[PDB]
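[1] when you get a sec, could you give me coordinates for this:
(chains A, B and C, ligands or ions: 3)
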Amino acid sequence: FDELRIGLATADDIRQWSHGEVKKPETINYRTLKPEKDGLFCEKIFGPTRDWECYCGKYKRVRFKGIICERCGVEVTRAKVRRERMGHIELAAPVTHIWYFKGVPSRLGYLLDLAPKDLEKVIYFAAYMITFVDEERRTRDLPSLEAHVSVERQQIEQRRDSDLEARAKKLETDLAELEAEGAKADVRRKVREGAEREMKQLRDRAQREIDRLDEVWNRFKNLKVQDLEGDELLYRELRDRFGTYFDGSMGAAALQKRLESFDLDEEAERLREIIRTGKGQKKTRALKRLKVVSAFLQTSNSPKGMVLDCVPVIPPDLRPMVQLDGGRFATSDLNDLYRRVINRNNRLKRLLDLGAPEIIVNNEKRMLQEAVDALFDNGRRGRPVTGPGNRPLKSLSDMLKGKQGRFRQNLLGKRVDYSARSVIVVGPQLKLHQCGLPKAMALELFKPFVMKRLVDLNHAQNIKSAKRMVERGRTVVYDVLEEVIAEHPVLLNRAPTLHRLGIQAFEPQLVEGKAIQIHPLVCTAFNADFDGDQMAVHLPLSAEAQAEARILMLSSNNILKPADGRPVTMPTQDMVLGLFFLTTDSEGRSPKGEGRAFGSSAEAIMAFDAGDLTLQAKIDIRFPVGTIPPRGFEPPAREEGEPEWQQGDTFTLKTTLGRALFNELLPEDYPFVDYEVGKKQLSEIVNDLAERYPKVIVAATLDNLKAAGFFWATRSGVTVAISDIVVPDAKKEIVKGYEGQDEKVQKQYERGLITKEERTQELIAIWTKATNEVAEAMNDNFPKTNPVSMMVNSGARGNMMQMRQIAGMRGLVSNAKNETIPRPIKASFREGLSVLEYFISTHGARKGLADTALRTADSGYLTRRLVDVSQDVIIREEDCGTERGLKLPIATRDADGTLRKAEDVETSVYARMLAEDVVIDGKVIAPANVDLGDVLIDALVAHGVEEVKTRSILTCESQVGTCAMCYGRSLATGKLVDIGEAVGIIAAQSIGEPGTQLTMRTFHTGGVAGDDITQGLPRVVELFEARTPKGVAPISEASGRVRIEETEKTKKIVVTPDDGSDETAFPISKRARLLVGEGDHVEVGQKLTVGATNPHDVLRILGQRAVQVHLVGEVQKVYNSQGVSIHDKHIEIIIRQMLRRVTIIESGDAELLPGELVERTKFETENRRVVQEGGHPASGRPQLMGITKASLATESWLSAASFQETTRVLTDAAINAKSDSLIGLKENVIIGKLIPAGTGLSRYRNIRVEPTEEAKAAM
DNA sequence: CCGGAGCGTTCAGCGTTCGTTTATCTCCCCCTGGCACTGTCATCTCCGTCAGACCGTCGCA
DNA sequence: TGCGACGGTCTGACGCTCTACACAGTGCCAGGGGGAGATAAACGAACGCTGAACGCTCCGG
Ligand SMILES: [Mg+2]
Ligand SMILES: [Zn+2]
Ligand SMILES: [Zn+2]
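    Residues are numbered from 1 along each chain as shown, chains lettered A, B, ... in the order given. Ligands and ions are numbered 1, 2, ... in the order given. Provided below are the atomic coordinates:
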C-alpha cells in the first residue's frame, strides 16, 4: 500500500495468475444449471459456486476444507474465491494488443519505424512483411546470383531469337502458299494482318515476361528489414524463385518475430544521433520516438507484451450470469466476448490441425485478432460488435472509462449504509445545532443502537426479540430511541453540495411528520429552499467519525463562508425584514409619543403595550449600569462638573424603543448599535460578533436574532395586496410623449429619409432612455411605508430591477439570437401585458432557462477540473524561513489633498500576512506575521502608506507543500489556518461555487462577430485553460518605433525596436478597431490592439509576477462584475499550481530530453546535480499551461486515471512502468486509506493518551 | 435349620436378517456421422452533437 | 521543408432521487457410446433365539 505498481504483463505473468485453460466456450448447463467442466464459469479453475461444495455433488461437508476432490478436482472453499481467481485462454496464433497499436501515436510510439497504416496492413492479414534477411549472406554471393541472372537473360534472348527465326520462316511459308494457291484476290493481305497481330501479341507477352523478371530483380535488390509487400502473387513468386535468403511471415507473428530480435539500445543511440543534427519535423518524430523507446531501456519490463499469446479472463462473479424471476438469465457482455474469442481460437486450432488453404487460415487468424481487439476495445476500430442489434457490447475498457467506469462511479463516489432522505421543513424552534428527524427515519438509521440499548435495558431477552419489537414498532422502542439519539450527531447534505458547507453536522431530535426539520438560519448555506428540496442524512458511525462531526462539522462552527470570509449563516428572507421594521426611523409612519423620557426599557415596553407610543419614535430612554454606550456616544458623554466616566455608568440616549429591544438581543458587552440595521449592517454586526466572541455566544446571539426577527416580522406590517404595488402616475404622460415622438420618427422613416437600421438603433436608444426615466420616476414615487419597498430596500428579498418591471414598464426585452426589438414592452406586470408583448417576453424567458441549465452544467465541469488540478496541496509546515512577498497595493486613486484606500482591499489584502515590518517615521506601525483586518489597514492608510508587502502563497517556497503563515489566515475559521487543512479543494470549490451565480451572457454583438471577447463563465474557463482568447491582443516585445502597413489583401503592423534590436511583425486582420499610433512611441507595457492579451506571451516577455497579476486581475474582474466576492488567495493557489511546469531547451549537458514538460523542483535538482558534476546547466522557460493539461501531467497516475483520458494514461503508465507514490487524495480515496489532509496526517495520528497521576489518584 | 423351587440376572451355542455393495438390464441422453438434379457475392448504416482542440497527415509552395 | 487545411481522433458534456422496463422473420433422421436409473444376488456383521446357567432371598415342609 506504500506503492502501487503497473507494467506490461508478459505471458509468463498471465500463466502465473491463471489457474487453468478455458478450453471450451459454453458457460452453464441448460437443465441442471450447474457450471461446466474445463469451460467458462468452470468450478475447477475459478472455484466452487456454493460454500465448501464440489462439482460432482460429493464433499458437501465443511470439516475437510482445503482438499481437492478426486472425481472433479474442485477445491472445497468459500464461494467468494470466484471473485479473485482467474484463468487464461491459450491462443493458437499470437494477436496484438489494441491499446498500444491503433491509438494515440504518442503511445504507439513508432517503436518499430512503421506508419500506422502499415501496421493496419501487416497485422490484419492484408499485406506481407519480411521479418529477417540474411543481408551479409546475400551480399557475399552477389557475383554468383548475378551470373545466374545473366545466364537466364542469355537463354531468354536465345529462345526469343530462335522463336523469331521460326516465326519468320512460318510467315514466309504461309505468304508463299497463299500467294501461290490464289484462293482469293487479297487473302495474302488478310493472312499477313493476322500474322502481324500474332507478331505484336507474342512480342507483348515477351516484353511482359521480361518486365516481371526485371521487377522481381529490382524488388529483391532493394529488400530490407521492415519491408511490406501488398501483392500476394509477388511475395509468392519471390518465395518460389528465391529461397532461404529472406525470412517473412504474416500477421501479428511478424511483429513478434521482429520484436524478439529487435535491437533497441543501438536504436536509441542512432536516434539520439539524429536528435543531435537535423531540422524540421524529423526533430519531432525522433523526439517522440526517443521519449517512447527510452522507456523500455531504463525500465526492466520487456517489450514483448505489446503482442500477446495468452488472454486472461475476468473471474466469473465480475462477469456474472444471474438467475432472475421467470427463468430468464442476464449475463455480462464480457462472457459473450470471451465466448467469441474462444470459439474463434478453437476453430483456428482445428484449421491448424489439418491441412487448410492459406486464405482460410489467414481469415481465421484475422477474425481471431479482431475478436480479441473487440474484447479489449469494442468500438475502437470500425463498426463495433453490436450483438442484439441495438447497442454495442461494452468491453473491458468500456467500463474503465467515463461516467459508467469504475474510476468515476464506484471508487470516488459510492453508495453508503446508515443513510436516509426525505423532504425538508423549516423549524424556528430549533437551536443552531439541532435538526428534527422523523420517527421512522431515526428508527431505521439508529436501529442497531436501539437493539443494543433494548438488550441493555432488558426490554427484550436477546437480539432477535429486540429486532422483532423494532420491526413491530412499540412505544418502548421509541422511548429508548429518544434516549439513544441524543449526543450523537448526524450529517445532513444537499445533492448539489456546491461548496464546503453542503455537509453540516447537526444534533438530531425526534419530531413527528415525515420531513426533516431544519433550522432556517442555516438553510441558505445549503442553497436549500423549502420547495420540495430533499436533503440526505448520513450517520457518522465510529467514535472518530462522530468526533469529527462534533468538532469540525457542527453548524454552530460554520458561521463564515470560506469563499470570502463573509458570514453566511445569517439569512435575509424574513428576519432581516423584521429587524429592519424593528430598527428603522419613523418616516412616513405617524410617531406617537414622540419625544418623551422613559426610565428604562421596561417602562417603554409598558407604554408600547398600552398603545400611546409607537415602536419607532425618538425618545430619551435611560439605560441601567453595565450597558456599553454606542461607539459615537462615548466622547459626547453627558457633561459632568466632577470627573465621571460613561463607560460602565448609566446614560440617556436619543433612540427609539425598537433599537433598545435590538440591543437587548445582542449581548450586554456589545456596544449599543444606534442605526438602521437593514441587511448590510446586520452582516457587519454578525461578522464583528464572530470575530470578537466565542462560538457558543455567537450561536446564541444569532438564535436570538432569528427569534426576534420572526416575531417582529409577523407584526411588521408587510403584505402584498395590489394597492401596495403602485405604478407611477407620470408613466402615462412619459410614455405618451415618447410614443408621440416615436410616431413622428415613424412618419419620418416612411419617406425613406432614414434607413431601417439607423431608425432601429436610435429607437432602442430613446426607449432605453424612456425606461431609465420611468424607473427614476418609480423610485421617486413610492413611500417608505409600503411593504414592497420595505422588503427590497432592507436587503430582504428582491432587487430594484424586479420592482422596476412590476411597477414601471418592463423596458427593452431581447429577441431570438440576441438582438433587440425596436418596440419595447410598455406595460407593467401590475397593469398586465398584452398578447404579443407577452410572446416577446417568452422569447427571453426560455432562453434564460436554457442558459442557466447549460451554465450549471459547465460550472460543474469547471469545478471538477479545478478540483483535480488544485488538489494535493495542503498546509504542511507551521512557518517558512522566507521573507519574500508580493507588492499588493493598499492606497489607490487618492484625490488632491487626501489618501484613499483600494476599493477591493476586502478580497485582496485582507486575511493575509505581512512579509516584513512597515515603518514611516522610524517606528513600526504593524508588526510582522499578523493578520490584516479593518483597524490595522485603516491605521496604515491613515499613516500614509501606498503599497504593502503581503506574504502570499505565490512567493511561498518550502521543503514540502506550503506553510500556514505564507498562506494567510483561513477564511472559514477567522484564525490562522491549521497545519493539514486541505486548502486546494476549498479554493477549487470557492472558485466553482459562483459558477451558477454568474448568469452572464453577451447581450448584443453589435452586428459584428469577433469584436466582443468571451464574457462570464466561458471567459473564466478560457482563462484557467491557458488558451488563447478569441480576441487576441498582441504585445510588443520591446520599445521602439511602430507604423502601420495597410496592405489591401490583409492589414499589417510593423514595430522596429531601438538599440539595434531585431524587427518584429504582428499580423492583424482588416477588422474595425486598432488603437496604436503610427510612427509613435511604444513599449512593452501596452497592447497594439484593445482585447484580451494572450497570457503565454505575457509570461514570455514580462515575467512570472506580471502573468500572475494579470491572471488574478482578469478572473477577479470577471467575478466582480456580478457581485460574487472571491478572495484572491483562492485564485493564487490555482495559479501557483498552474505555472509549476517549466519547458527546457538546449539540454545537451543535463542528459534529458529538451523541449518537453519538466517539473520545476525536478529541474532545479537536475541543475544542482549537473553543476555539482561540473557540466553547464540547461536553459529553461516557464510554461503557462491549462488546468486539464496540468492535471493529466501528474506524478501519480491514479489521479490522472480518474480524470478524462483514462486510456492514454493507463497505457502511458504501462509503457513507462511507473509506480505512483501514494501522496495525494484521489489515490487515497480510491484505496480506502486515510487521506493525508487534516486528521489523517502523520503528526496527528501518532498521539498517545493517558490520564494524569492526580486524575487516577482522585478516583 | 439348611433345602428346595422359584426368581433375577448373565452370558455362549446356532438362525435369520438387516447394513452395505455389485454388476445387469431398460430408458434417455449426447456427440459424431450423412444426406449425392442444380440452385457459386449480402448487409444497411450514417446526417439538424459541438466545441475547440490536439494531433499527424498531406498536398501545395 | 514550410505551409495550411483537411482530416481523423478523442475526450467530457453540474448532481442525487420521488420516479425505474422491457425486448421479436427461413431442414432432417439414422446409428452409436455413456450414465443415470431399476433388479436380484451376494459378502459381511450383528441381532434374535435357544433356554441354560450363576446365585441370591426365599417360604418351606
Ligand atoms: Mg429548491
Ligand atoms: Zn467432486
Ligand atoms: Zn511559506
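[2] I'd say residue A:1234 and residue A:1228 touch.
    Yes. Between residue A:1234 and residue A:1228 there is a contact under C-beta atoms under 8 Å: 7.0 Å. (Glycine included, C-beta is placed from N, CA and C.)
[3] look at these two and report which has more neighbours.
    Under the criterion of other C-beta atoms under 10 Å, the comparison of residue A:1234 against residue A:1228 puts residue A:1228 first, with 21 against 13.
[4] which of the three states applies to that one?
    Following DSSP: H, G, I helix; E, B strand; the rest coil, the label given to residue A:1228 is helix.
[5] near DNA strand B, which residues of chain A show up?
    A:31, A:105-106, A:115-117, A:281, A:284, A:288, A:1022, A:1027-1028, A:1030, A:1186, A:1188-1189 (C-beta under 7 Å from any atom of the strand).
[6] among the residues you listed, the buried ones, what's the ChimeraX command?
    Burial among those is assessed by 16 or more other C-beta atoms under 10 Å; the matching ChimeraX selection reads:
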select /A:288,1022,1186,1188
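[7] from the residues of chain A next to DNA strand B, which land in helices?
    A:105, A:106, A:116, A:117, A:281, A:284, A:288, A:1022, A:1188, A:1189 (DSSP state H).
[8] what about the strands in the stretch 651-800 of chain A?
    A:651-655 (DSSP state E, counting those that start in this stretch).
[9] any idea how far the residue in chain A positioned nearest to DNA strand C lies from residue A:867?
    Per C-beta to the nearest atom of the strand, residue A:860 is where chain A lies closest to DNA strand C, at 2.1 Å. Residue A:860 sits 11 Å away from residue A:867, going by C-beta to C-beta, to the nearest Å.
[10] give me the common contacts of these two.
    Residues touching both residue A:860 and residue A:867 (C-beta atoms under 8 Å, 6 or more residues apart in numbering) are residue A:992.
[11] out of those two, which sits in the busier spot?
    Remark: of residue A:860 and residue A:867, residue A:867 carries more neighbours, 20 against 15, as counted by other C-beta under 10 Å.
[12] how about the secondary structure of the more buried one?
    helix.
[13] I'd say it and residue A:986 touch.
    No. Look at residue A:867 against residue A:986 with C-beta under 8 Å: they stay out of range, at 10.3 Å.
[14] which residues of the stretch 1151-1259 of chain A fall in helices?
    Counting by DSSP state H, counting those that start in this stretch, the stretch 1151-1259 of chain A has helices at residues A:1160-1172, A:1187-1192, A:1197-1201, A:1208-1216, A:1226-1231, A:1242-1245, A:1253-1258.
[15] check these for me and report the most buried one.
    Mean neighbour count (mean count of other C-beta atoms under 10 Å) peaks for helix A:1197-1201 among those, with a mean of 24.
[16] which strands and helices sit next to that helix?
    helix A:1187-1192, helix A:1208-1216, helix A:1226-1231 (3 or more C-beta pairs under 8 Å, 6 or more residues apart in numbering; DSSP states H and E).
[17] columns distance to DNA strand C on top of the ones in helices among the residues of chain A next to DNA strand B, output as CSV?
    Formatted as CSV, these follow (distance: C-beta to the nearest atom of the strand, whole Å):
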residue, distance to DNA strand C
A:105, 10
A:106, 11
A:116, 8
A:117, 9
A:281, 6
A:284, 10
A:288, 15
A:1022, 14
A:1188, 9
A:1189, 12
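[18] angles on the backbone of the residue nearest to residue A:17 when sequence neighbours are not counted, please.
    With sequence-adjacent residues excluded and distances taken as C-beta to C-beta, 6 or more residues apart in numbering, residue A:17 is closest to residue A:86, at 5.5 Å. Dihedral pair for residue A:86: phi -120, psi 160, per degrees, to the nearest 10.
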